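Okay, structure first, notes after.
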Amino acid sequence: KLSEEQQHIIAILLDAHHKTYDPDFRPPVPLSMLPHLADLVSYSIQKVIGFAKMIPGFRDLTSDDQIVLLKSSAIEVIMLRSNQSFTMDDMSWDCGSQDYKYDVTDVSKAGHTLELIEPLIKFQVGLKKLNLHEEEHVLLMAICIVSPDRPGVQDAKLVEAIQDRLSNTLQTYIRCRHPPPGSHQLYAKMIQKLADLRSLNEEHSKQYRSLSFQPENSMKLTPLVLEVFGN
Amino acid sequence: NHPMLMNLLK
Ligand SMILES: C[C@H](CCC(=O)O)[C@H]1CC[C@H]2[C@@H]3CC[C@@H]4C[C@@H](CC(C)(C)O)CC[C@]4(C)[C@H]3CC[C@]12C
């Protein structure tokens, strides 16, 4: 049974998502797409921060814990939130028009190899196959951000208490509202997707470190990307 | 060390 509190949490996370996700940048053009896609990701980081600030209990963390959680999660949340614009019709992110339509070729021209891109595309396909409710999608984004196992977290106990309330809200939603048999081990498959995102984060960091030790490539980034993903 | 993040969090 979904408590008043649990429904309040879902309503809040749905509105936060609606306020910060909508399918100004340098134009789309092996690195030709890095200016455009670095701008897109930079913008997307700002929106992830916007979403995070509206997660019930996130405000009650120290500024230091908020920073470490957003630094560690930002790329995972961007990959995860991108699933809504992703289409299996052509393995592309279709943000409206052919201008802002991104296939394997496009996202392969921002200095990352198929060693990131191929798992990234397979992750989007896997996530489409789960066919999540938007309620489940936004809880998963919130659980992704507020995880007590991120490096540097000071108050793990408060982060864990917040993530446990979100997790309990998700498990309860799945049992009460997700149709069986689609609900069977759905919580476990969602947590596995979070593990896939940590793996994608690891591969991204490794490629980011290499790419961004080429100053000509670092030059094409944004100040926010350099602050969040590092120098 | 993260003034842009800090600013966006405010
Ligand atoms: C288009 C799509 C969002 C659509 C939506 O929101 O609805 C996003 C989500 C994940 C994004 C990719 C993440 C990894 C890197 C990050 C910087 C590169 C740096 C150098 C910062 O890592 C740019 C290249 C690349 C590959 C991105 C390409 C664009 C991707 C696929």
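In summary, residue A:123 fulfils each of the numbered conditions (1) crowded, with 19+ Cβ neighbours inside 10 Å; (2) over 17 Å from the mean Cα position of the chain (by Cα); (3) within 12 Å of the ligand (Cβ to nearest atom) with the single exception of condition (2). Of the residues in the range A:82-101, at least one is over 16 Å from residue A:204 (Cβ atoms), near the ligand (Cβ under 10 Å from one of its atoms) and in a helix (DSSP H, G or I). Could you look through the range A:102-112, keep only residues that are within 10 Å of the ligand (Cβ to nearest atom) and hydroxyl-bearing (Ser, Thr, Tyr), and pick out the one that is farthest from the other protein chains (Cβ to nearest Cβ)? Filtering first and then ranking leaves A:108. Of the residues A:98, A:84, the single one that is of a type outside the set (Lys, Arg) and surrounded by fewer than 13 Cβ atoms within 10 Å (Cβ to Cβ) is A:98. Looking at the structure I just gave you, is residue A:71 within 14 Å of chain B (Cβ to nearest Cβ) and over 22 Å from residue A:187 (Cα atoms)? Yes. For the range A:25-39, the condition holds for no residue, the condition being that it is more than 11 Å from the ligand (Cβ to nearest atom) and in a helix (DSSP H, G or I).
Okay, residues lined up against (1) at positive phi; (2) within 14 Å of chain B (Cβ to nearest Cβ); (3) buried (at least 18 other Cβ atoms within 10 Å of the Cβ):
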{"residue": "A:147", "(1), (2), (3)": "no, no, yes"}
{"residue": "A:151", "(1), (2), (3)": "no, no, no"}
{"residue": "A:166", "(1), (2), (3)": "no, no, yes"}
{"residue": "A:183", "(1), (2), (3)": "no, no, no"}
{"residue": "A:195", "(1), (2), (3)": "no, no, no"}
{"residue": "A:221", "(1), (2), (3)": "no, yes, yes"}
{"residue": "A:225", "(1), (2), (3)": "no, yes, yes"}
{"residue": "A:230", "(1), (2), (3)": "yes, yes, no"}
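What number of residues in the range A:44-63 are part of a helix (DSSP H, G or I) and more than 9 Å from the ligand (Cβ to nearest atom)? Residues in the range A:44-63 being part of a helix (DSSP H, G or I) and more than 9 Å from the ligand (Cβ to nearest atom): 12 in total. The set of residues in the range A:29-52 being surrounded by fewer than 18 Cβ atoms within 10 Å (Cβ to Cβ) and more than 14 Å from chain B (Cβ to nearest Cβ) consists of A:29, A:30, A:31, A:32.
Only residues that are β-branched (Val, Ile, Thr) and either within 12 Å of the ligand (Cβ to nearest atom) or within 14 Å of chain B (Cβ to nearest Cβ) (or both): list them for the range A:1-24, please. Hit for the range A:1-24 is A:20, nothing else.
When the range A:53-66 is filtered for residues that are surrounded by fewer than 19 Cβ atoms within 10 Å (Cβ to Cβ) and either within 14 Å of chain B (Cβ to nearest Cβ) or farther than 23 Å from residue A:190 by Cα (or both), the ones remaining, listed by number, are A:53, A:54, A:59, A:60, A:62, A:63, A:64. Taking the stated definitions as given, is residue A:75 in a loop (DSSP other than H, G, I, E, B) and either touching a helix residue (DSSP H, G or I) at 6+ places or on another chain (Cβ under 8 Å) or among the small types (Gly, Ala, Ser) (or both)? No; evaluated as a whole, the condition is false for this residue.
Remark: residue A:71 falls outside the filter, which requires a residue to be of a type in the set (D, E, K, R) and either in contact with a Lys or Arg (Cβ under 7 Å, 6 or more places away or on another chain) or within 12 Å of the ligand (Cβ to nearest atom) (or both). Only one of the numbered conditions (1) exposed (fewer than 15 other Cβ atoms within 10 Å of the Cβ); (2) among the basic types (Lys, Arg); (3) farther than 21 Å from residue A:195 by Cα is not met by residue A:109, and that is (1).
Sort through A:214, A:171 and tell me the only one that's more than 14 Å from chain B (Cβ to nearest Cβ) and closer than 30 Å to residue A:118 by Cβ.
A:214
Cβ atoms come from the backbone with ideal geometry, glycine included; neighbour counts cover every protein chain shown. Here, each number is a calculation from the coordinates, and none is a lab measurement.
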